[PDB]
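A closer look at the structure
Spelled out from the first residue to the last, the chains are:
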Amino acid sequence: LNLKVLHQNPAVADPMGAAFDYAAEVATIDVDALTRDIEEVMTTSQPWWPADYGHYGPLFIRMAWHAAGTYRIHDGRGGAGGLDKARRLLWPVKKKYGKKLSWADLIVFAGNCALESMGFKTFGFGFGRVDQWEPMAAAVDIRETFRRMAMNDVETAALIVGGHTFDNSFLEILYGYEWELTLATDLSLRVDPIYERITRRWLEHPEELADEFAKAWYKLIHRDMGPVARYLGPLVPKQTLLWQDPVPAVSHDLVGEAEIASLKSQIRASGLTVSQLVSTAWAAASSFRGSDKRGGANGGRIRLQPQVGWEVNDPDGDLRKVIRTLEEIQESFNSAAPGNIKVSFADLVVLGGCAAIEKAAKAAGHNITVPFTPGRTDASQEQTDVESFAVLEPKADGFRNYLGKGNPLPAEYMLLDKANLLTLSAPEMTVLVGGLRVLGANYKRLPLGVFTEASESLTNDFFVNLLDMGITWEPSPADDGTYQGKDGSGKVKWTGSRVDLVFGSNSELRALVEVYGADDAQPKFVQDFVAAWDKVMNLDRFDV
Amino acid sequence: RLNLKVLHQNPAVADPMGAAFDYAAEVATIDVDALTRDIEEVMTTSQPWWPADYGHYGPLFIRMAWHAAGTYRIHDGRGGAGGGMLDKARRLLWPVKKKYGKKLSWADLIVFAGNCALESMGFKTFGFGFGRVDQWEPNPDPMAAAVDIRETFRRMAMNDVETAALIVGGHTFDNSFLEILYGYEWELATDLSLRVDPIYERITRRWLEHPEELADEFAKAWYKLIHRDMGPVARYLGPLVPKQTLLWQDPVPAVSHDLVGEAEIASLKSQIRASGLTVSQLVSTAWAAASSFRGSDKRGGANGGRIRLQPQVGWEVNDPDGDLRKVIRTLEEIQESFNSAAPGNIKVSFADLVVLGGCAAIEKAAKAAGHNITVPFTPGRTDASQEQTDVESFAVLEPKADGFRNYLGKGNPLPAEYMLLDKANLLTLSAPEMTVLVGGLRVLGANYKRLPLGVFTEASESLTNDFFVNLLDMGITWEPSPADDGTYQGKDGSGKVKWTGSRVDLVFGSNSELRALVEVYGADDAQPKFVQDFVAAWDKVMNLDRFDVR
């Protein structure tokens, strides 16, 4: 277990300070002048890297395709936001800006501006990628290496008849001046029956090739930038594309105080317990990825087919029994509302969680208020893509004590990895795990890691009964990968799992439960849990 | 290549206590008249998971306070009581840590359990001082063992009268171990060296007849053993600390003269720059006085004013061939002239004019570049006389290789670009601060013997960012020097040699993270950011051993 994976890119290694927000800088650069500079960095030879073709044009394209073409789909890492000695031709145009133009944006925009310089009208560009501080056989091969990037066979036979022309130029030679049967790993586009059926219509109708490479290039660029609220700069198009998982714009007045209070009192006052709401408000926000920032709470998609039908969000009678009630509350507050105000369901799926915690914490030792920032919208069914969310499904979720079949790594490295995707830190991991276990959020309400005694109460009893050494941890009586805490008198008292006992058997993490497991550190744990919960609920709020 | 992760060890992100946490305002409210009455109960209480030898966890606490504070390697300063972690038996102390959890770090609890175990057996020790903050996580021939224990107690810097009093120490808890060794002349495996080895048998044989100078010797040895990795005596919190000066702490006299106000600092830094001394001398002297710090041991630093004393003014890196003799002479004269004709009762010490000279040097340098920047300076340093320096113990502070001044000694275990990383880690610096310090020192002029190895500017004695601008420019080409002396040189496009780099800055120009952290400062219209960051880093470095003496 290497906890260094959690605190990657600290503010200590950031030379720009903690007061430097990228979104407030990149909106001040005139892209009508930057594009008149990258148009001069090329067509200007250098001694150390000669070109002598009149352009560093077909080299900037191969520096965006070879940099934003390493986007793995199964875990989302790599890609844009994440040649090496050749990105110094661009120094004579980054030094004029410095902090206002990160290296990733500069590389990719140089690629796009080259593509626009060679006589092509690209679909559009959006800035915002903040930079961190750290032979049919060949046909099936290129098909598979373009499937780890999630591009269908019409957007991978248009990239290859694309960035190899630098549009009826690559074609009209490929089975044009037909070969003598003796090129490269290409030429697959004429022999493979899958590609040959599409990359032959374009030979006589190029009009549907230009505006297919155009929108297959504005997918290799803005693939891992997230929802369309980070596309800064004035170049972004005014059009919605399906692969961004769009959400409708706010067309209704939001809710202020004296209305949030009414909603989070009504949620308490109708049926739903404390271990139901915190299981729905977490399921709808445990499908986020810090890299390739897609998913998250927003959209209100936990009511929709690709995500209400997963296994972790157990639909056996739990999830569909709470979506019906929240939907019922939504219609009652949407009629005779206190004004011209309506509430999107993507709030009650989270505003339920805050009222659930405020019902538990107020019942354990003391009352609090959980921050909740409205401004979420519900996306209809036609706007989702049930094929691209099969990769968001967590094969193993460590917070809800889920362990599905087909696990590469052991049961705790997956918890560590997931807590990295949510961009969490070790104290936040520990406090959030404790809160989820004590509150009650385990998959199918297993009494595993339920070290408290009274359910539905936000105590720190998970961190107190784990450390008490009077109990003994013997896997032997059990059968599967679960433990069992025999009391000092021999009677079984608790139960555990590989995800819970790791907090009391790893000296790097056992030092992070003694902070919350003390005697006078009850209020600190509650405040830290509410802070972590608020941070997790607000992982997909880029408008604010 | 390099491992930049060592620089940002223990970030505030992994700290569950928040950035508003100081472990100097809480551990002072610990009622150590009640914590001892709790450790004294955890001892005499058996447990099922760990039975107690004779029903007393007395000895086990001592040999757990030794196996924790007995790994203080001195050749690099790391290790010791202050951080790094019988953890299977450390949980026996949970029923005490849980009552506080916040006011009592684990290191303090372990070492205090050891001390109170000693005090519970009928032995009054010297004293205890809290304050070890918690970094969270990252046959028996004389030649057989009597030399091994001598050498493994020499990496800890304990003489042979405080290592034959620790081994007649944690074998009794004031003498019955000795009544046995010399009560029988029979012939107790790695010990009994004290009966055969002529060096040890010279002193131990004497403690038989006078078994009272062993008690105080063991008291001093134990106090030194557990309070060696806490630095100067102003971190010793808690009421238990004794009021007595010990020579191995490198003590500094208390402030007996009222300090300087803002009306006098202006006059002083309007005099240092107004008498002879250039900008390349004052910066070198201030850096040399404040580059002898060890953040893993907290001993050294600017305070004490020891750069005028024998073990410091005679090193090789602080080259005394005209540098550290024409400077100390002038600063001392300014000190005496401002002291005699003082405005009032104010009287400045000398450990200021070494540093206040540096801040005036930077204020004079970053004023011909164009800016106007005032450097923070917090007075309160005192000068330590000659009789309190222990020249035998500063030979370990000797920088075998200082990367900020292009010093390169002999017998370096690692290449020249790792010694710089180790030095920057010892000073508790971060990567941007290390980079900006390197750039500022090269441009200002601080290199050992004023070698133009790294001076990439053309108008030196001026705080520009020209080190970060001429390094990134790729019109020049880097090639090893034909003389093959571990250097480099940069030809222009024509052929004439323009610069002369070294192995300590071309790593900045050829790594992958350092290149980004240089492009941050090497841009255009990013000079004010560089000047602000350099002044901040300089102020942080000057105030390393000033924060924890105040």
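Residues numbered from 1 in each chain as written, not as in the entry; some residues may be left out. Chains lettered and ligands numbered in written order. Heavy atoms only, no water. Residues with missing side-chain atoms left out of burial classes, pairs and counts.

- Its PDB record attributes the structure to cryo-EM, giving the resolution as 3.56 Å.

What about the sheet that holds strand β3 (residues 497-499) of chain B?
Residues and elements named next belong to chain B.
- Strand order in the open sheet formed by three strands is β1-β2-β3, with antiparallel pairing between adjacent strands. A strand with exactly one partner marks an edge of an open sheet, and here the two such strands are β1 (477-480) and β3. The mean angle between the axes of side-by-side strands here comes to 50°, regardless of whether they run parallel or antiparallel.
- With four bridges connecting them, β1 and strand β2 (residues 488-491) associate as antiparallel partners. Across the sheet, residue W478 finds its bridge partner in β2, namely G490. (Pairing = 2+ DSSP bridges. Helix = DSSP H or I, 4+ residues; strand = E, 2+ residues; numbered from the N terminus. Axes fitted to C-alpha atoms, helices over the stretch in contact; angles between N-to-C directions.)

Considering empty space enclosed by the protein
- Its volume calculated, the largest cavity comes out at about 250 Å³.
- The wall of the largest cavity is formed by 24 residues, among which B:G300, B:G301, B:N303, B:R306 and B:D545 lie closest to the centre.
- Classifying every residue of the lining of the largest cavity by side-chain character gives eleven nonpolar, eight polar and five charged.
- Volume-wise, the second largest cavity comes out at about 200 Å³.
- In this structure, the second largest cavity is lined by 21 residues; those nearest its centre are A:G295, A:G296, A:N298, A:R301 and A:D540.
- Taken together, the residues of the lining of the second largest cavity break down into seven nonpolar, nine polar and five charged. (1 Å grid on protein atoms, 1.4 Å probe; cavity = no way out; pocket = protein on both sides within 12 Å on 5 of 7 lines; lining within 4 Å. Points joined across faces, edges and corners; volume = space filled by probe spheres on them. Nonpolar A, V, L, I, M, F, W, Y, C, P; charged D, E, K, R; others polar.)

Observations regarding the nonpolar core
- Ranked by size, the top nonpolar core spans 144 residues in total, and within it A:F60, A:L90, B:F404 and B:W538 carry the most contacts.
- If one sorts the elements of this core by residue count, helix α5 (residues 103-117) of chain A sits on top with nine residues.
- Other than its neighbours up to four places away in sequence, A:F60 contacts A:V41, A:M42, A:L90, A:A110, A:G111 and A:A114.
- Of all hydrophobic cores here, the second largest spans 141 residues; its members include A:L348, A:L415, A:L424 and A:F503. (Core = buried A, V, L, I, M, F, W, Y, C linked by side-chain atoms within 4.5 Å. Buried < 20%, exposed > 50% of the residue type's maximum accessible area, 1.4 Å probe, protein only. Contact = heavy atoms within 4.5 Å.)

Looking at the UniProt feature "active site" (unreviewed entry) in chain A
Residues and elements named next belong to chain A.
- Cross-referencing UniProt, the feature "active site" (unreviewed entry) maps to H66 in the present numbering.
- Within the fold, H66 resides in the loop between α3 (57-64) and α4 (91-94).
- Look at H66 and you get exposed, because its relative accessible area is 53%. (UniProt positions renumbered as here; feature names shortened; annotations may be inferred.)

Focus on the pairing of β2(B)
- Sheet analysis places β2(B) next to β3(B), joined by two bridges and oriented antiparallel. Each bridged residue has a counterpart across the sheet, and for B:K491 the counterpart in β3(B) is B:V497.

What about a nonpolar patch on the surface?
All names here are of chain B.
- Side chains of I180, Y184, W186 and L188 sit close together on the surface and give an oily, nonpolar patch of about 460 Å² of accessible area.
- Within the secondary structure layout, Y184 lies in the loop between α8 (177-181) and α9 (193-196).
- Here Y184 falls in the exposed class, since its relative accessible area comes to 54%. (Patch = residues over 30% accessible without salt bridge, like charges linked within 9 Å, V, L, I, M, F, W, Y side chains within 5 Å. Areas by Shrake-Rupley, 256 points an atom, 1.4 Å probe, with all protein chains shown as cover. Salt bridge = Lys/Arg side-chain N within 4 Å of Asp/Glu carboxyl O.)

Some remarks on the UniProt feature "binding site: heme b" (unreviewed entry) in chain B
Residue and element names in this part refer to chain B.
- Taking the UniProt record as the reference, the feature "binding site: heme b" (unreviewed entry) is found at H171.
- Tracing the sequence through the fold places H171 in the loop between α7 (148-152) and α8.
- Taking relative accessible area as the criterion, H171 reaches 33% and is therefore assigned partly exposed.

Structural notes on the side chain of A:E155
- Structurally, the position occupied by A:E155 is in the loop between α6 (136-145) and α7 (188-191).
- If we ignore the near neighbours within four places in the chain, the residues touching A:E155 are A:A216 and A:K219.

A look at the pattern of salt bridges
- Tallied over the entire structure, the rule returns 44 salt bridges over all chains.
- A:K535 is the partner of A:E428 in a salt bridge, and the nearest nitrogen-oxygen pair spans 3.3 Å. Placement of A:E428 in helix α17 (residues 426-439) and of A:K535 in helix α20 (residues 522-537) is noted, with a sequence separation of 107 residues between them.
- Under the relative-accessibility criterion, A:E428 is labelled buried at 17%.
- Owing to a relative accessible area of 32%, A:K535 belongs among the partly exposed residues under this scheme.
- Across the pair B:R78 and B:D422 runs a salt bridge whose closest N-O atoms are separated by 2.5 Å.
- Given a relative accessible area of 24%, B:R78 falls into the partly exposed group.
- Looking at B:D422, the relative accessible area reads 28%, which means it is partly exposed.

Here's the deal with unusual backbone geometry
Residue and element names in this part refer to chain A.
- Positive phi outside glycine occurs at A336, with the angle close to 55°.
- Assignment of secondary structure puts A336 in the loop between α14 (319-333) and α15 (345-364).
- Phi at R445 is positive, roughly 55°, even though this residue is not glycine.
- When you line up the elements, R445 lands in the loop between α17 and α18 (461-465).
- Residue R445 is classed as partly exposed on the basis of its relative accessible area of 39%.

Some words on the UniProt feature "binding site: heme b" (unreviewed entry) in chain A
Residues and elements named next belong to chain A.
- Here, UniProt's "binding site: heme b" (unreviewed entry) annotation points to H164.
- Mapped onto the fold, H164 is located in the loop between α6 and α7.
- Its relative accessible area of 31% is what places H164 among the partly exposed residues.
- Residues within four places of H164 in sequence aside, it is in contact with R62, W65, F170 and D186.

Observations regarding the interface of chain A and chain B
- If you look at the interface, chain A gives 35 residues, while chain B gives 36 residues.
- Across the chain A to chain B interface the summed buried area is about 3,300 Å²; carbon plus sulfur atoms make up 65%.
- Taken together, the connections running from chain A to chain B amount to one salt bridge.
- With a shortest N-O distance of 3.6 Å, A:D468 and B:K98 are connected by a salt bridge.
- For the pair chain A and chain B, the number of links is seven residue pairs in polar contact.
- Looking at the side of chain A that touches chain B, the elements that each hand over two or more residues are α19 (507-510) and α20 of chain A.
- With three residues, α19(A) is the largest single contributor of residues to the side of chain A that touches chain B. (Buried area = accessible area lost by both parts, 1.4 Å probe. Polar contact = N/O pair within 3.5 Å; in protein donor to acceptor, adjacent residues only side chain to side chain.)

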